[PDB]
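A single chain comes next, written as structure tokens; it is the form deposited without this ligand.
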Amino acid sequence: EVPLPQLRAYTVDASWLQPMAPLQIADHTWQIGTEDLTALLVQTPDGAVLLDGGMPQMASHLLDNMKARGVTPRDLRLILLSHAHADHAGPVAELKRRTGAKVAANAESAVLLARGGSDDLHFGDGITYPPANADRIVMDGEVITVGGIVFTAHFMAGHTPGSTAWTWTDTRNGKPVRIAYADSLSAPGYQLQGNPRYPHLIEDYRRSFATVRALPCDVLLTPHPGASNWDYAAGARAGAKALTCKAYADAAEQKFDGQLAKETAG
């Protein structure tokens, strides 16, 4: 008669998978992912930090761009994550196997990473990826220092329970630049009200808008560059139109309020 359906692969827009050469953000900070997925390399005298890796199939491209920057596999020391979905943490397990890198994450992100994104609060098993273990668990406001660059975790639960903004200070043209890598604030197809798997979802999103609003934020970057109006294909103008953290938070909250109203009507 009728067989069960075949497994469906997690397929994405081509631009999410379009390799790009490294794009400099500040003196030690580079976008080394694809056109439409952020993966940030921070290079220090004492090794390199990667914030996000994009999709699972991006591991070799990331290692190629690291080599182009002078970062060998042994030199990658630390992987940080915005959140542990397949399109941002996808290649972490493979990167750990192929480099010296260790993962630092909060408890929520660590348990989602360790089950490869399975049993997602909203997506079920529809978006899984190879599982990986965290080497260090971080708390809200905790700092990690690599080669003198100080990364601070700012929890901003909502998109996932473990969603995190990472902030650090780099330099540009001599001057300090406070960089904020703020996580997604979207709720794509989520049940927002009365969700039994996430009862305080709305309150957490509201607190997260306030957290993002208040980040030290000379330059905002986001896991999906379009969310902060970056255009990685635009070269010297890639960041010209970027939002402030305040504008990103306001836009996300306005969208969220509309979704709440639509959910009530639906």
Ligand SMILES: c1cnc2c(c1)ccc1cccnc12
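Residues carry their position along the shown sequence, with the first being 1.
Not on display, but discussed next: the form solved in complex with this ligand.
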* To do: Answer yes if any heavy atom of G147 is within 4.5 Å of a heavy atom of this ligand in the deposited bound form; otherwise answer no.
  => yes
* To do: Classify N173 as contacting or not contacting this ligand in the deposited bound form by the rule of any non-hydrogen atom within 4.5 angstroms, answering yes or no.
  => no
* To do: Classify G70 as contacting or not contacting this ligand in the deposited bound form by the rule of any non-hydrogen atom within 4.5 angstroms, answering yes or no.
  => no
* Can any non-hydrogen atom of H61 be found within 4.5 angstroms of this ligand in the deposited bound form? -> no
* Asked: Considering this ligand in the deposited bound form, which of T152, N195, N133, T169 comes within 4.5 Å of it through any heavy atom?
  -> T169
